[PDB]
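final.txt (compact mmCIF, C-alpha atoms and all ligand atoms) appears below.
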```txt
# COMPACT_ATOMS: atom_id res chain seq x y z
CA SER A 1 51.79 122.17 26.79
CA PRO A 2 50.58 118.51 26.98
CA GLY A 3 52.53 117.80 30.18
CA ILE A 4 51.11 120.64 32.26
CA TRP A 5 48.70 120.09 35.15
CA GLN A 6 47.28 122.34 37.86
CA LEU A 7 46.60 121.02 41.35
CA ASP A 8 44.16 122.72 43.72
CA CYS A 9 42.55 121.79 47.00
CA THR A 10 38.88 122.25 47.81
CA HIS A 11 36.94 121.54 51.00
CA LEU A 12 33.47 120.07 51.50
CA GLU A 13 31.83 118.29 54.41
CA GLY A 14 34.93 118.78 56.53
CA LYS A 15 36.96 116.67 54.10
CA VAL A 16 39.69 117.65 51.71
CA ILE A 17 39.46 117.12 47.86
CA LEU A 18 42.53 117.33 45.64
CA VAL A 19 41.74 118.16 42.04
CA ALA A 20 44.34 117.88 39.26
CA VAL A 21 43.35 119.43 35.94
CA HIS A 22 45.12 118.85 32.66
CA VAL A 23 45.35 122.48 31.59
CA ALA A 24 45.20 121.99 27.80
CA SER A 25 42.14 119.77 27.89
CA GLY A 26 40.09 120.36 31.06
CA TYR A 27 40.38 116.64 32.01
CA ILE A 28 40.35 116.04 35.77
CA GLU A 29 41.66 113.56 38.26
CA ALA A 30 40.35 114.10 41.78
CA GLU A 31 40.42 112.28 45.13
CA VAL A 32 39.17 112.92 48.64
CA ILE A 33 42.13 112.58 51.02
CA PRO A 34 42.12 112.20 54.81
CA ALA A 35 44.11 115.36 55.43
CA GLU A 36 45.94 118.04 53.45
CA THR A 37 49.40 116.76 54.29
CA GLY A 38 52.72 116.35 52.50
CA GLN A 39 52.46 112.55 52.60
CA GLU A 40 48.96 112.47 51.15
CA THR A 41 49.95 115.13 48.63
CA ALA A 42 53.09 113.17 47.59
CA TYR A 43 50.97 110.02 47.21
CA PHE A 44 48.36 111.77 45.04
CA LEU A 45 51.14 113.19 42.84
CA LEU A 46 52.70 109.71 42.60
CA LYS A 47 49.41 108.17 41.42
CA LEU A 48 48.75 110.95 38.95
CA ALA A 49 52.28 110.79 37.46
CA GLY A 50 52.02 107.03 36.93
CA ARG A 51 48.86 107.41 34.88
CA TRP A 52 49.59 110.43 32.67
CA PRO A 53 52.79 112.10 31.41
CA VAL A 54 53.18 114.80 34.07
CA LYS A 55 56.06 117.18 33.47
CA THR A 56 55.01 120.31 35.34
CA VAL A 57 52.48 120.83 38.11
CA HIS A 58 51.30 124.30 39.05
CA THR A 59 50.18 124.38 42.68
CA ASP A 60 49.09 126.85 45.35
CA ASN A 61 52.62 126.50 46.79
CA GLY A 62 51.27 125.96 50.30
CA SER A 63 52.46 124.14 53.39
CA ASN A 64 51.85 120.64 52.07
CA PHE A 65 54.35 121.30 49.25
CA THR A 66 57.33 122.35 51.34
CA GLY A 67 58.13 119.08 53.08
CA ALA A 68 60.70 116.36 52.41
CA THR A 69 58.25 113.73 51.19
CA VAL A 70 56.59 115.82 48.43
CA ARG A 71 59.92 117.11 47.06
CA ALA A 72 61.26 113.55 46.92
CA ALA A 73 58.11 112.19 45.29
CA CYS A 74 58.26 114.82 42.58
CA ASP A 75 62.01 114.30 42.16
CA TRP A 76 61.53 110.55 41.72
CA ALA A 77 58.67 110.98 39.26
CA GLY A 78 60.54 113.59 37.23
CA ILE A 79 58.00 116.35 37.99
CA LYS A 80 58.83 120.05 38.17
CA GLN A 81 56.73 122.51 40.17
CA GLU A 82 57.19 125.64 38.07
CA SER A 83 36.76 127.98 38.46
CA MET A 84 36.66 124.41 37.15
CA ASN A 85 36.36 123.34 40.80
CA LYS A 86 33.14 125.35 41.08
CA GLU A 87 31.57 123.24 38.34
CA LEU A 88 32.84 120.03 39.94
CA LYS A 89 31.28 121.10 43.23
CA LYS A 90 28.09 121.70 41.25
CA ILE A 91 28.12 118.11 39.92
CA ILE A 92 29.00 116.72 43.34
CA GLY A 93 25.85 118.48 44.56
CA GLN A 94 23.43 116.99 42.06
CA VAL A 95 24.77 113.47 42.71
CA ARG A 96 25.59 113.80 46.42
CA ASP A 97 22.31 112.16 47.42
CA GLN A 98 23.09 109.02 45.42
CA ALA A 99 25.91 107.94 47.73
CA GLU A 100 26.52 107.63 51.47
CA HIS A 101 30.18 108.56 51.03
CA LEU A 102 31.55 111.81 49.61
CA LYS A 103 34.39 109.91 47.90
CA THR A 104 31.74 108.15 45.77
CA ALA A 105 30.03 111.40 44.85
CA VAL A 106 33.41 112.91 43.89
CA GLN A 107 34.23 110.00 41.58
CA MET A 108 30.79 110.15 39.97
CA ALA A 109 31.45 113.87 39.35
CA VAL A 110 34.85 113.08 37.82
CA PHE A 111 33.23 110.56 35.47
CA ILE A 112 30.59 113.11 34.54
CA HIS A 113 33.02 116.00 34.01
CA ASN A 114 35.32 113.91 31.82
CA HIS A 115 32.57 112.35 29.67
CA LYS A 116 30.44 115.45 29.02
CA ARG A 117 30.21 116.69 25.44
CA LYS A 118 29.05 120.31 25.24
CA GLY A 119 33.98 120.27 17.54
CA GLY A 120 32.13 118.76 20.48
CA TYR A 121 34.69 116.55 22.20
CA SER A 122 34.76 115.50 25.85
CA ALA A 123 37.70 116.36 28.10
CA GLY A 124 38.63 112.69 27.95
CA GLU A 125 38.73 112.84 24.18
CA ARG A 126 40.68 116.11 24.22
CA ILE A 127 43.42 114.85 26.55
CA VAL A 128 44.07 111.75 24.47
CA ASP A 129 44.11 113.76 21.24
CA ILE A 130 46.52 116.34 22.68
CA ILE A 131 48.96 113.72 23.97
CA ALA A 132 48.78 111.31 21.04
CA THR A 133 49.62 114.24 18.83
CA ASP A 134 52.60 115.24 20.99
CA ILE A 135 53.93 111.69 20.58
CA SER B 1 38.88 96.56 21.48
CA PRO B 2 39.98 100.04 22.73
CA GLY B 3 37.39 99.90 25.51
CA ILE B 4 38.24 96.43 26.82
CA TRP B 5 39.90 96.00 30.21
CA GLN B 6 40.71 92.99 32.36
CA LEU B 7 40.45 93.20 36.12
CA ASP B 8 42.10 90.74 38.49
CA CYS B 9 42.99 90.61 42.14
CA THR B 10 46.43 90.03 43.67
CA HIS B 11 47.21 89.41 47.33
CA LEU B 12 50.33 90.47 49.18
CA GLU B 13 51.26 91.24 52.79
CA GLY B 14 47.74 90.40 53.90
CA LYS B 15 46.21 93.00 51.63
CA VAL B 16 44.39 92.94 48.29
CA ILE B 17 45.50 94.70 45.09
CA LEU B 18 43.06 95.22 42.20
CA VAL B 19 44.86 95.51 38.89
CA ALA B 20 43.04 96.68 35.77
CA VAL B 21 44.80 96.13 32.48
CA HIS B 22 43.99 97.75 29.16
CA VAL B 23 44.15 94.61 27.06
CA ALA B 24 45.19 96.29 23.80
CA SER B 25 48.08 98.28 25.26
CA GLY B 26 49.21 96.63 28.50
CA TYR B 27 48.65 99.90 30.46
CA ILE B 28 47.61 99.34 34.09
CA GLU B 29 45.67 100.99 36.87
CA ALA B 30 46.07 99.38 40.29
CA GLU B 31 45.05 100.15 43.90
CA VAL B 32 45.41 98.45 47.26
CA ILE B 33 41.90 98.13 48.69
CA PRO B 34 40.57 97.60 52.26
CA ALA B 35 39.08 94.22 51.33
CA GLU B 36 37.78 92.28 48.35
CA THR B 37 34.13 93.33 48.67
CA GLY B 38 31.40 94.51 46.32
CA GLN B 39 31.56 98.09 47.64
CA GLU B 40 35.29 98.47 47.11
CA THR B 41 35.07 96.72 43.76
CA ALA B 42 32.26 99.04 42.59
CA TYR B 43 34.31 102.05 43.73
CA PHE B 44 37.43 100.89 41.85
CA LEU B 45 35.36 100.34 38.72
CA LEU B 46 33.76 103.81 39.08
CA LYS B 47 37.16 105.53 39.37
CA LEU B 48 38.48 103.58 36.40
CA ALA B 49 35.49 104.29 34.09
CA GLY B 50 35.80 107.98 34.99
CA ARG B 51 39.33 108.21 33.65
CA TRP B 52 39.36 105.96 30.58
CA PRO B 53 36.59 104.89 28.14
CA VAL B 54 35.68 101.54 29.72
CA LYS B 55 33.18 99.63 27.61
CA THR B 56 33.79 96.07 28.74
CA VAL B 57 35.53 94.56 31.73
CA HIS B 58 36.65 90.93 31.84
CA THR B 59 36.73 89.74 35.45
CA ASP B 60 37.22 86.55 37.47
CA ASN B 61 33.44 86.51 37.97
CA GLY B 62 33.77 85.97 41.72
CA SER B 63 31.73 86.83 44.80
CA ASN B 64 32.56 90.52 44.78
CA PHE B 65 30.86 90.88 41.39
CA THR B 66 27.52 89.31 42.25
CA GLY B 67 26.18 92.01 44.53
CA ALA B 68 23.73 94.87 44.06
CA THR B 69 26.33 97.58 44.51
CA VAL B 70 28.77 96.46 41.78
CA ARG B 71 25.97 95.76 39.31
CA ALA B 72 24.55 99.23 39.94
CA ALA B 73 27.95 100.85 39.51
CA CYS B 74 28.56 99.15 36.21
CA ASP B 75 25.04 99.95 35.01
CA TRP B 76 25.49 103.65 35.85
CA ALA B 77 28.94 103.92 34.25
CA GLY B 78 27.70 102.07 31.18
CA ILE B 79 30.07 99.10 31.59
CA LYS B 80 29.50 95.59 30.17
CA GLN B 81 30.75 92.30 31.57
CA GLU B 82 31.85 89.80 29.01
CA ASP B 83 33.66 86.47 29.37
CA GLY B 84 36.15 85.52 31.99
CA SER B 85 50.93 87.49 33.30
CA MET B 86 51.76 91.14 33.93
CA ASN B 87 50.40 90.65 37.46
CA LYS B 88 53.69 88.80 38.02
CA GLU B 89 55.92 91.50 36.55
CA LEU B 90 54.09 94.01 38.74
CA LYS B 91 54.76 91.64 41.63
CA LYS B 92 58.43 91.83 40.66
CA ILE B 93 58.61 95.63 40.40
CA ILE B 94 56.78 95.95 43.71
CA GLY B 95 59.41 93.76 45.37
CA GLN B 96 62.18 95.72 43.71
CA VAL B 97 60.78 98.97 45.23
CA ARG B 98 59.13 97.73 48.45
CA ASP B 99 62.19 98.80 50.44
CA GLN B 100 61.98 102.51 49.68
CA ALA B 101 58.30 102.70 50.53
CA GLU B 102 56.78 102.93 53.98
CA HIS B 103 53.38 101.56 52.90
CA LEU B 104 52.48 98.88 50.35
CA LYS B 105 50.10 101.28 48.60
CA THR B 106 53.12 103.50 47.86
CA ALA B 107 55.12 100.61 46.43
CA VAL B 108 52.15 99.62 44.25
CA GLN B 109 51.87 103.14 42.78
CA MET B 110 55.62 103.28 42.19
CA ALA B 111 55.24 99.96 40.32
CA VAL B 112 52.34 101.29 38.27
CA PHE B 113 54.41 104.36 37.29
CA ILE B 114 57.33 102.16 36.27
CA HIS B 115 55.18 99.66 34.37
CA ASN B 116 53.40 102.36 32.36
CA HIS B 117 56.53 104.41 31.55
CA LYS B 118 58.92 101.57 30.56
CA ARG B 119 60.06 101.58 26.92
CA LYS B 120 59.02 98.44 25.08
CA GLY B 121 61.86 97.44 22.82
CA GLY B 122 64.05 100.29 23.62
CA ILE B 123 64.59 103.01 21.08
CA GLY B 124 61.64 103.63 18.77
CA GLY B 125 59.45 101.47 20.99
CA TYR B 126 56.46 102.81 22.92
CA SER B 127 55.54 102.59 26.61
CA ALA B 128 52.13 101.26 27.59
CA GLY B 129 51.22 104.84 28.37
CA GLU B 130 52.03 105.83 24.83
CA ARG B 131 50.25 102.77 23.39
CA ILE B 132 46.96 103.43 25.20
CA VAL B 133 46.61 107.07 24.15
CA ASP B 134 47.60 106.06 20.61
CA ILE B 135 44.95 103.34 20.52
CA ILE B 136 42.16 105.51 21.94
CA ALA B 137 43.07 108.55 19.85
CA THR B 138 42.93 106.37 16.78
CA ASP B 139 39.51 104.98 17.75
CA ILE B 140 38.19 108.56 17.82
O1 LIG C 1 44.21 105.99 50.00
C1 LIG C 1 44.72 104.73 50.40
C2 LIG C 1 44.14 103.69 49.47
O2 LIG C 1 42.82 104.07 49.14
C3 LIG C 1 42.63 104.23 47.74
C4 LIG C 1 41.62 103.20 47.25
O3 LIG C 1 41.81 101.97 47.91
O4 LIG C 1 42.08 105.50 47.43
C5 LIG C 1 40.81 105.67 48.05
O5 LIG C 1 41.04 106.14 49.37
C6 LIG C 1 40.00 106.80 50.08
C7 LIG C 1 39.20 105.74 50.85
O6 LIG C 1 38.55 106.32 51.95
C8 LIG C 1 39.09 107.65 49.19
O7 LIG C 1 38.72 108.86 49.83
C9 LIG C 1 39.82 107.96 47.90
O8 LIG C 1 39.13 108.92 47.12
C10 LIG C 1 39.94 106.61 47.22
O9 LIG C 1 40.44 106.75 45.91
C11 LIG C 1 43.99 104.00 47.08
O10 LIG C 1 44.49 105.13 46.39
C12 LIG C 1 44.97 103.67 48.20
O11 LIG C 1 45.57 102.41 47.99
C1 LIG C 2 33.70 110.44 26.40
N1 LIG C 2 34.40 109.61 25.39
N2 LIG C 2 33.64 109.34 24.25
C2 LIG C 2 34.49 108.60 23.52
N3 LIG C 2 34.16 108.10 22.30
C3 LIG C 2 35.72 108.38 24.11
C4 LIG C 2 35.63 109.05 25.33
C5 LIG C 2 36.70 109.13 26.35
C6 LIG C 2 36.33 109.32 27.70
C7 LIG C 2 37.28 109.42 28.72
BR1 LIG C 2 36.78 109.66 30.51
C8 LIG C 2 38.69 109.33 28.31
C9 LIG C 2 39.03 109.14 26.91
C10 LIG C 2 38.05 109.05 25.94
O1 LIG C 2 40.39 109.08 26.83
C11 LIG C 2 40.93 109.02 28.17
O2 LIG C 2 39.84 109.38 29.04
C1 LIG C 3 56.18 107.14 28.85
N1 LIG C 3 55.79 108.30 28.01
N2 LIG C 3 56.85 108.86 27.28
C2 LIG C 3 56.23 109.86 26.64
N3 LIG C 3 56.87 110.70 25.79
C3 LIG C 3 54.88 109.98 26.90
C4 LIG C 3 54.63 108.95 27.81
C5 LIG C 3 53.31 108.62 28.43
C6 LIG C 3 53.31 108.02 29.70
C7 LIG C 3 52.14 107.68 30.36
BR1 LIG C 3 52.16 106.87 32.05
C8 LIG C 3 50.88 107.98 29.65
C9 LIG C 3 50.91 108.59 28.34
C10 LIG C 3 52.11 108.92 27.73
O1 LIG C 3 49.61 108.76 27.94
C11 LIG C 3 48.74 108.44 29.05
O2 LIG C 3 49.58 107.77 30.01
CL CL C 4 46.83 121.60 47.97
CL CL C 5 38.50 90.60 42.00
```

Write out the structure in this file as structure tokens.
Amino acid sequence: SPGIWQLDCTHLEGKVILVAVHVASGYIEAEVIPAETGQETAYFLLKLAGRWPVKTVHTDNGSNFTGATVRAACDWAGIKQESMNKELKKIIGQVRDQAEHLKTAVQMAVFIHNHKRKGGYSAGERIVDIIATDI
Amino acid sequence: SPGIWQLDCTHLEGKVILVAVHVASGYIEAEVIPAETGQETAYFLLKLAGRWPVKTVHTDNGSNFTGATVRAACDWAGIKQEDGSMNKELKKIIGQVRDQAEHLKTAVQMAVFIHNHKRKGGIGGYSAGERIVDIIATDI
């Protein structure tokens, strides 16, 4: 379904990276956040939902999803909580040296993941085609 | 046309908001940033080009665009600078929701959500969100 995303956390350099993947397409939105907390999680979900039609997010159901702030954020946005990360960590690696800050490396990796063409469409192309069609 | 964005800065509560608009559709991406510097500007542009096909950005051509870091970022992402109202509507929505948000950044993101989801012209219309995917899908 075009409205389905998966959200997973990954850790590197003592920081926390949230990675949202649009399941149908492989398109990614990711951010380094200061700490894996409900407030930062709610905020990430709020940003994501304002940029793409998010209907359902599948999560790891952990501590940062149980609190008042995250439930509210999802409620407000109309969201229901009913491997790829390895490759992103690979890209972060090959570009890590080109930035002082991890956050910059992560965003370069997001750009690269979403633009890559391996018929032969990028994730960016796939997400737009899947959603346009739904509409 | 589908790859053209405009980027302008807005100030509020002593902070700076960068607002990128997809000219063809009216869809927006916005962020409160630490300060209006080349580094933060480069980073905003890098995030933006990672998420939508940005070919050309129209900017205010100011100090934060003259530096080595922003030029590099644009070069890398493959972005072109060409020539130099919603920013007021967004101002409005932000005010309308400022109350329910602890931090300004939260208000801004609530305003982005609202701006991009709102139905233009009611029934049959199409939100900016819908318009942008429709424009870019068509281009492909
Ligand atoms: O997070 C608060 C504030 O920062 C923004 C950009 O201004 O997001 C950035 O925040 C971190 C800065 O250290 C980065 O790790 C993160 O990846 C980056 O996007 C906005 O979302 C928000 O207004
Ligand atoms: C990679 N690529 N090549 C094109 N012709 C268009 C695109 C493209 C890249 C990203 Br990222 C996108 C997108 C399209 O839609 C939303 O996100
Ligand atoms: C508002 N709306 N109503 C729908 N049925 C779909 C959408 C919709 C909302 C946002 Br934001 C989008 C989008 C579609 O494509 C990328 O960003
Ligand atoms: Cl998580
Ligand atoms: Cl600016």

Residue with smallest distance to ligand LIG 2 (chain C) - pool B:74, B:108, B:54, B:20, counting only C-alpha atoms and all ligand atoms: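 Residue with the minimum atom-to-atom distance to ligand LIG 2 (chain C): B:54.
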
Neighbour list for residue 31 of chain A as an MDAnalysis selection string, cut-off 10 Å, all atoms listed in the file, skip fewer than 2 positions in-chain: (chainID A and resid 9 16:20 29 33:34 44 102:104 106:107 110) or (chainID B and resid 47)

Counting only C-alpha atoms, chain B residues within 9 Å of chain A, as a PyMOL selection string: chain B and resi 27-29+43+46-53+77+105-106+109-117+129-138+140

Might you pull out every residue within 6 Å of segment 93-97 of chain B, with all atoms listed in the file counted and same-chain residues fewer than 2 positions away left off, and present them as a PDB file with C-alpha atoms, in the coordinates of the input?
```pdb
ATOM      1  CA  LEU B  90      54.090  94.010  38.740  1.00  0.00           C
ATOM      2  CA  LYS B  91      54.760  91.640  41.630  1.00  0.00           C
ATOM      3  CA  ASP B  99      62.190  98.800  50.440  1.00  0.00           C
ATOM      4  CA  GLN B 100      61.980 102.510  49.680  1.00  0.00           C
ATOM      5  CA  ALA B 107      55.120 100.610  46.430  1.00  0.00           C
ATOM      6  CA  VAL B 108      52.150  99.620  44.250  1.00  0.00           C
ATOM      7  CA  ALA B 111      55.240  99.960  40.320  1.00  0.00           C
TER       8      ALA B 111
END
```

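Atom CA of residue 15 of chain A is found 7.4 Å from atom CA of residue 35 of chain A.
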
Nearby residues (only C-alpha atoms) at most 8 Å from residue 7 of chain B, same-chain spacing under 2 positions excluded, as a PDB file with C-alpha atoms, in the coordinates of the input:
```
ATOM      1  CA  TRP B   5      39.900  96.000  30.210  1.00  0.00           C
ATOM      2  CA  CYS B   9      42.990  90.610  42.140  1.00  0.00           C
ATOM      3  CA  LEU B  18      43.060  95.220  42.200  1.00  0.00           C
ATOM      4  CA  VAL B  19      44.860  95.510  38.890  1.00  0.00           C
ATOM      5  CA  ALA B  20      43.040  96.680  35.770  1.00  0.00           C
ATOM      6  CA  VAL B  21      44.800  96.130  32.480  1.00  0.00           C
ATOM      7  CA  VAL B  57      35.530  94.560  31.730  1.00  0.00           C
ATOM      8  CA  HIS B  58      36.650  90.930  31.840  1.00  0.00           C
ATOM      9  CA  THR B  59      36.730  89.740  35.450  1.00  0.00           C
ATOM     10  CA  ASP B  60      37.220  86.550  37.470  1.00  0.00           C
TER      11      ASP B  60
END
```

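Going from atom CA of residue 2 of chain A to atom CA of residue 24 of chain A covers 6.5 Å.
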
Box time for ligand LIG 3 (chain C): axis-aligned, enclosing all its listed atoms, 3 Å extra on each side; report centre and edge lengths in Å to one decimal, as lines of an AutoDock Vina configuration file.
```
center_x = 52.8
center_y = 108.8
center_z = 28.9
size_x = 14.1
size_y = 9.8
size_z = 12.3
```

Counting only C-alpha atoms and all ligand atoms, the residue of A:14, A:78, A:26, A:67 that sits nearest ligand LIG 3 (chain C):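 Checking each of A:14, A:78, A:26, A:67 against ligand LIG 3 (chain C), counting only C-alpha atoms and all ligand atoms, the winner is A:78.
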
Close residues to ligand CL 5 (chain C) using only C-alpha atoms and all ligand atoms, limit 12 Å, as JSON, numbers by chain: {"B": [6, 7, 8, 9, 10, 11, 16, 17, 18, 19, 20, 30, 31, 32, 33, 35, 36, 37, 38, 39, 40, 41, 42, 44, 45, 57, 58, 59, 60, 61, 62, 63, 64, 65, 66, 70, 84]}

d(atom CA of residue 4 of chain B, atom CA of residue 80 of chain B) in Å: 9.4 Å

Proximity to ligand LIG 3 (chain C) - best of B:25, B:139, B:126, B:98, all atoms listed in the file: B:126

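Across B:67, B:125, B:2, B:34, the tightest approach to ligand LIG 2 (chain C) is made by B:2 when counting only C-alpha atoms and all ligand atoms.
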
Contacts to ligand CL 4 (chain C) at 7 Å cut-off (all atoms listed in the file) as a list in words: residues 7, 8, 9, 18, 36, 59, 60, 62 and 64 of chain A

Residue nearest ligand LIG 2 (chain C) - candidates A:63, A:3, A:23, A:116, atoms counted: only C-alpha atoms and all ligand atoms: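 Of A:63, A:3, A:23, A:116, the one nearest ligand LIG 2 (chain C) is A:116, counting only C-alpha atoms and all ligand atoms.
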
Distance criterion (all atoms listed in the file): nearest to ligand LIG 1 (chain C) out of B:104, B:128, B:82, B:87: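 Of the candidates, the smallest distance to ligand LIG 1 (chain C) is held by B:104.
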